[PDB]
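What follows is a short report on a single structure.
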Amino acid sequence: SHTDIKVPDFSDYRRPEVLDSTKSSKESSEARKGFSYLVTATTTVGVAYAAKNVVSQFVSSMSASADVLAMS
Amino acid sequence: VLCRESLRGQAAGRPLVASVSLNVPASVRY
Amino acid sequence: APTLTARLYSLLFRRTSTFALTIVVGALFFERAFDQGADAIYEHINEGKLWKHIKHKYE
Amino acid sequence: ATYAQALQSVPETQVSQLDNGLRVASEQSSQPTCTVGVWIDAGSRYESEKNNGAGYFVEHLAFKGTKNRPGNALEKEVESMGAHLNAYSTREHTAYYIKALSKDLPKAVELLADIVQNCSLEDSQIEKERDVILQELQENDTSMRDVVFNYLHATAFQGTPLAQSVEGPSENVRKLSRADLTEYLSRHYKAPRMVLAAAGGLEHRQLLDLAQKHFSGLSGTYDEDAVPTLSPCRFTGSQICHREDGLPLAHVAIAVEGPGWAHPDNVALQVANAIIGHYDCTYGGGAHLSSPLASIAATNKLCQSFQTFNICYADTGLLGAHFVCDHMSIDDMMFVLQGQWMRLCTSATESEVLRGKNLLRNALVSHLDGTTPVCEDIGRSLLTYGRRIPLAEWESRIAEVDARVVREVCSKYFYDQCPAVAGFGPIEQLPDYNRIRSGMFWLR
Amino acid sequence: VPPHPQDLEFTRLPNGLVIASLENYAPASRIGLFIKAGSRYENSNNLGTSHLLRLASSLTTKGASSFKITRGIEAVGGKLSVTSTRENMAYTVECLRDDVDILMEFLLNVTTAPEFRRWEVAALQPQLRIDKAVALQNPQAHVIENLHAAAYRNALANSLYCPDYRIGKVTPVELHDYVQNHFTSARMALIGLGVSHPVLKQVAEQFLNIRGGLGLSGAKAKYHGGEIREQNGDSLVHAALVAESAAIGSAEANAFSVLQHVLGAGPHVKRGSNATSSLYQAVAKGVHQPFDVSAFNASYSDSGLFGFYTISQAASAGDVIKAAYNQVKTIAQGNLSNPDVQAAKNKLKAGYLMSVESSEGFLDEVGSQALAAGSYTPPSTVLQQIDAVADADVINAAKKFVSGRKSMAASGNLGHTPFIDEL
Amino acid sequence: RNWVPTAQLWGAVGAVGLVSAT
Amino acid sequence: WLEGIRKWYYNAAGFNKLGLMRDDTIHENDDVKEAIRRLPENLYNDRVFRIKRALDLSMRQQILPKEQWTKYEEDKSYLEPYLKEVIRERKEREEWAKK
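Protein chains in written order, with the authors' numbering: chain R, 1 to 72; chain V, 49 to 78; chain W, 2 to 60; chain N, 2 to 445; chain O, 17 to 439; chain K, 15 to 36; chain F, 12 to 110.
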C-alpha cells in the first residue's frame, strides 16, 4: 500500500530547536527564522558598506583631480 | 472497485438525475 | 519566554518593509563603527610612522 | 421573523452524564425518523507503531455478529426493522451510529451498546477482513485524492502519531493479532472517553433511561495507568513528491500548521478559506466567479478543481489548500493560490470578508439539515469542543470577524511560515520548496 | 425544547400555476421552481436542449447580467442549482432568511426572462462535452441511458445528457423556443421553505404568469422491447434487465416499489454481506466471486420500468443475471411469506420518511407532487398507501415483469453475457 | 488603505538611502 | 441643426472614398476587439473585406470611383450596439469591484 510509506528520519539533519517530536515547533519558529534572516541582513549590510565605497571611488575619479585643484 | 464489500450499493438505485449549479459541484444522483 | 533572536524577527525584520530600514540604519552605523575601528587598528599597527603621528612635530 | 431570531428559536441541545462516565446528548425536533449513535475519542492518533490499523479492523469487525447476536443476526435485525447502520474512523474520532424511525429508538440504542461493549471478534472472520482491508488498501492506492492527503499528514506531522494513516500499513494488516484488537478495545473504548448522541423526534429523558439501562455496564476509569493522553504532534514544514507521469493529472496539497479545535481563530480561518473559496470545472459561474483564484483558474483553465481546507485536531491541524491540474499548470496554480494567501494576509477588503462570512453563515445552516449531520455535530462537538455550540454563538463569532481580524489571523498562520506540501502525479513542474517558501511571504 | 410543526400550505392559481410554501422558522430558506420540462419533451430534431438549458442557468437574463447573477448570489452566500429528471426541471435557490427576495429575483429572471445570447451560448457549447464526460465515468449512467433508449421508442428514450453529435449544434433559438413552449404556468410549480405564503403567492402572480402552447398533459411513452450491448473492455460487466412496470399514480407503483424492497433494493449495513436482500442471496449461493446485484425501479407519470441491475466479472454475468432472473421468477410463481412483505414495507416507509427528512429531499418531494398530480399528500397517507399494498399485488407485479416485454442494456466485456432471447 | 504604512516605511527606507551614499 | 458640418466633416475625413464605414476605422482596444468578436458572421466577414479593400487602395495610393463612396446617410453604425454593451458590462464589473 501507499500507507507503507513513512517519511524517513530527519533527526540527523534537524536543528536542535525542533528535535523533540512531542513538542510544538511554533515557539521555536520565530527564533529559527530570526537566526537565518539575521545572517542574510548582516550580509546585505556588509555588502552595502562595500558597494558604497566602490561606487564613491569611481565617482571621485570622475570628479576634479589633484593637479587641477592645485593650479586653480 | 476490488472487493464485494465496496461494490455493494453501486448498482442503480433509481433513474439518474443530473444536477448542475452555480456553487455546488455537478452530481448524478441515483 | 520570548527569546533573543526571535525578538528581533518578531518586531524588527518580519516585514520586508522594516527589514530594509534595519539594514540601511545598521549599515549607516556599521560604516562609522568599522571604518573607525579598522582605521585605529591600522594606525596602531603603524604607530609613529604616518603623518598624523608626526604632524604636531612640524606645525 | 429574521435570521438572527431563527438562530435563537432553534431547539436547544441538551446533555446528561451517567455515573459510570458516559455523556448522553440529544436534539429534539418534530420529525418522525431520527439518528442516534456513539462517538469515541479513538483512532490513528491514539494508535502506535505496533498496533496501527486497529481502529480500522475494529470498525470492519464491529457490525459482524456480536456476542449475543451472532454472525449476521445483527445485520438481519437492523435491515428488517427498516433502518440504516453506519460507521467511520477519523484520525482522532471513531464513531458508530444508527439512522432509524423514532419509534425504533430503544432497539437502536440497545444494538449500539451491543456493538460497542460485547464484540465477538471471530477468528475466521478476522482472516476474511484481513483480505478485505488488503483489497481496500489497493482501492485507496488508485484514489489520488486520498493518497496526497495521507502524504500531507505523513510529511506535515512526520515522526508523530498524526503522520499515521487511519487504515494502517499493509504489513500491520497482515500481522495484526486478536490480542492487539481486544487490548486496543479494552483500553480506548470506555465510558468517560465516549459520547452517546441523538437527534430527531425523541425525548431526552427516554434516551437517558436507555443509556442508563444499557450503557451503564461500561467501566468508568482505569487500572491506574493505561490511560493514554494525547502528546502534542510536531508540525514540520517539508515536502513529499511522488513523481508519477503515468497518471493523468497532478494532485497537489499544500498547508501550514493549523490552530487546533479549541482556537477561536478557526472562525476567521473558515471565513478566510471561504474568500479564496473552491472551484470545480463543472461550476456554472466560471469567469465571473467571486473568488479571484476560481475566476483566474476558470478563465485560463488552470485546474480541474481546487479546495481550501482547515483540517482540525486537538492542539494542531492543517490549514491550506488542494488542487488537481494539468502537468503544465502547477506553477501557475501555486502562484495564484499563494498570491491569494499573501493578499489576504496583507490586504483584505471589507466586502469580500462579508461575502466570506455569509458563505460560512450559509455553510453552517446548510450542513445542519437532516438528523445525521446534527447527530454528528453533537457527537463530534462533545469530544472536541467539550459542549455543543449553538448557532447563535457561532453567529456571534462570525459577526465578530471583520477585515482587520482576517488580516491579523491569516498573516499569523500563513505569512512567512514553512508549509507542508504533498505532490502526487505528473509533478515535474511543481515548484521547488525554496520557491514555495519564498512565496509564503511577499515582496511587500 | 420541541417546537410546533406547521401545515404545508397550498394554493393553485387561476392560470394553472401550483404554489406551496412551508413556514419553517428556519435559519435558511429553500425555494424551488419545478417545471414539466426535461429530456422527454425534446424531440428527434432538438436534442440535448434541456441539457444545455440546465447548464445555462447563470447566462445573461433580460433583467440581470451573467456577472450580476453569479456575483450577487455568491455575495449573499447563496447558491442556484438546476436538477433535471427525464420529465422535470427543478430550478432551486438556497440562502439565508434575509436574502430571499434577492435569490427569488434571480430565480425568476433565469426561468421567465432569459436572453440566450448567441456568443454566450456558443461559449457554453463545450461545457456539455465536459459535464457529460464527468457523469459518464459512472458506468451506471451510460447503461441507464442505453436502457431507456432501448426500452422506450420516442418519449423517455431521449438521453438526459446531450447526444455527442448535438454537442455544438444546439442553437440559441432552440433554447428560446424550448423555454417559450415548456416554461409555462400550467407546467410550472413554485415550492417554498422557510418563507411566508402571501409574498410567495404575490410574486408567483406578479412574475410567473406566462402561458403558451403545450399546456400540461403530454405525449406517449410508447413502450417497446430492445437490447443495446456496448462492448467496453472494462474491469467489470455492468448490465440491467427490466420490463414495463406501472406509472407513479396507481397502487401498482407501490406494489413494484415494495417488490423492489422484497428483492435486493440496496444495502443498509456498512460492510455487510447483504443479509435480507433476496437477489444478492440468490446469486451468492450460485456463483462465488466479487459481484453486486440490485432491484431497479423507475416510475414516471406516464409509464415506468422495473427489474434489476447486475455488476460482475466477464463469465459471472451469465450466471448472475440468470440466477437473479430465476429468483424473480420464484417470487413471481408465488413463494413469498407474509413477514418478507411486512419487512419490505417497513424498509420502504422508513426509507421514504428518511428521504423527506433533509429539506432538499422534502422540497423535491413537494415539487414532485405539485407537478405529478397538482396536489400534496402528507407522509402518513403515503405510509397508509404502502401498508395497504396486498401480497397479491406484489405477486402480480413480479408476474407482470416475467410475462411482459423485456428491455436490456449491458456494457463491459460481454462475451459470456446473455441476450434477452437466451433468457 | 493598507499600503499607507508600507509606502511610508518604504518612503523612510528610500529617504535614509539618499543619505546612505550621499 | 449642424448635421451639415457632421456631413462636411464626414466627407472631409475621407474614409468614405476608400469604401469604409465609420466603425471600420475605430481604434481597436480590449472593448472594440471584444465587440468585433461578438459580431455575427455576415458583419464580421463584410468589415474584413471593406478593410481588406481599403488597405489595397491605400497601398496603390488611390480611391474608389465617386458613386462607390460611402454615403453619410447610408453609413450604418454596425459595431455600436455591441460595443455599448461590452462597455456597460465592463463599467458594471468596475462598479461591482468598487464595493
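Just so you know, even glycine gets a beta-carbon here, dropped at the ideal spot from N, CA and C.
The CB of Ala21 of chain W comes closer than 7 Å to the CB of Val27 in chain K, given here in chain order.
At a cut-off of 7 Å between C-beta atoms, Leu152 of chain O does not count as an interface residue with respect to chain N.
With respect to the 7 Å criterion, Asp335 of chain O and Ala59 of chain V are not classified as neighbours on the basis of their beta carbons.
Excluding the 5 residues flanking it on each side, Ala311 of chain O has same chain C-beta neighbours closer than 6 Å at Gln276, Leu279, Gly280, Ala281, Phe324, in chain order. When DSSP reads this structure, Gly320 of chain O sits in a beta bridge with O:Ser315.
The C-beta of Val18 of chain K comes no closer than 7 Å to any C-beta of chain W.
Separation of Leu320 of chain N and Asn313 of chain O (C-alpha to C-alpha, rounded to the nearest whole angstrom) is 44 Å. For a Cβ distance threshold of 8 Å, residue set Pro170, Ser171, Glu172 of chain N lies close to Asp4 of chain R, ordered along the chain.
Separation of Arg46 of chain O and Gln222 of chain O (C-alpha to C-alpha, rounded to the nearest whole angstrom) is 20 Å. Counting the other CB atoms within 10 Å of its CB gives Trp342 of chain N a total of 16 or more, which places it among the buried residues. Assignment of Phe50 of chain O by DSSP, reduced to helix, strand and coil, places it in the strand class. The beta carbons of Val167 of chain N and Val39 of chain N sit no closer together than 7 Å.
For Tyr97 of chain N, there is no enclosing alpha helix (DSSP H); the residue is found in the beta strand (DSSP E) stretching over 95-102. DSSP places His38 of chain F outside both helix and strand once states are collapsed to three, so it counts as coil. Two segments are said to touch when three or more pairs of C-beta atoms, one from each, lie closer than 8 Å; by this definition the region 50-62 of chain R does not touch the region 142-162 of chain O.
CA-to-CA, the gap between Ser391 of chain O and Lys65 of chain N works out to about 45 Å.
Between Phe158 of chain N and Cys242 of chain N, the C-beta spacing is not below 7 Å. Taking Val258 of chain O as reference, the option from O:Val17, O:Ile244, O:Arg102, O:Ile207 with the minimal CA-CA separation is O:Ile244. Residues of chain V whose Cβ lies closer than 7 Å to the Cβ of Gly249 of chain O do not exist; the shortest such Cβ separation is about 15 Å. Here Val186 of chain O is buried, its C-beta having at least 16 other C-beta atoms within 10 Å. With a threshold of 7 Å between beta carbons, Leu123 of chain O makes no contact with chain V. Given a length threshold of 3 residues, the region 66-99 of chain F has no whole run of the beta strand (DSSP E) inside it. Taking a Cβ-Cβ threshold of 7 Å, the residues of chain K close to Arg445 of chain N are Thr20, in chain order.
At the C-beta level, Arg389 of chain N and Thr14 of chain N come within 7 Å of one another. Taking a beta-carbon distance threshold of 7 Å, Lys33 of chain R does not count as an interface residue toward chain K. For the region 351-376 of chain N, the set of positions with a beta-carbon nearer than 9 Å to some beta-carbon of chain K is empty. Identification of residues in the region 77-96 of chain F having a C-beta nearer than 7 Å to some C-beta of chain O yields an empty set. According to the DSSP assignment, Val68 of chain V belongs to the beta strand (DSSP E) that extends over 65-69. Per DSSP, reduced to three states, the secondary structure at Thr65 of chain O is helical.
Note that the region 421-433 of chain O touches the region 231-247 of chain O; at least 3 beta-carbon pairs, one per stretch, sit closer than 8 Å. When DSSP assignments are scanned along the region 335-420 of chain N, the uninterrupted stretches of alpha helix (DSSP H) that are 4 or more residues long and fall wholly within it turn out to be 351-368, 372-385, 392-401, 404-414. By the neighbour-count definition (other C-beta atoms within 10 Å, threshold 16), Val18 of chain R is a buried residue. At least one CB of chain N lies nearer than 7 Å to the CB of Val7 of chain R. Residues of the region 11-30 of chain R with a Cβ closer than 8 Å to any Cβ of chain N, in chain order: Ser11, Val18, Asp20, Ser21, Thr22, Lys23, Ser24, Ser25, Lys26, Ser29.
Under a 10 Å Cβ-count criterion, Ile46 of chain W is classified as exposed, with fewer than 16 other Cβ atoms of the shown protein chains found around its own Cβ.
As summarised for the region 203-272 of chain N, the continuous beta strand (DSSP E) elements at least 3 residues long and confined to that stretch are 240-244, 251-258, given in chain order.
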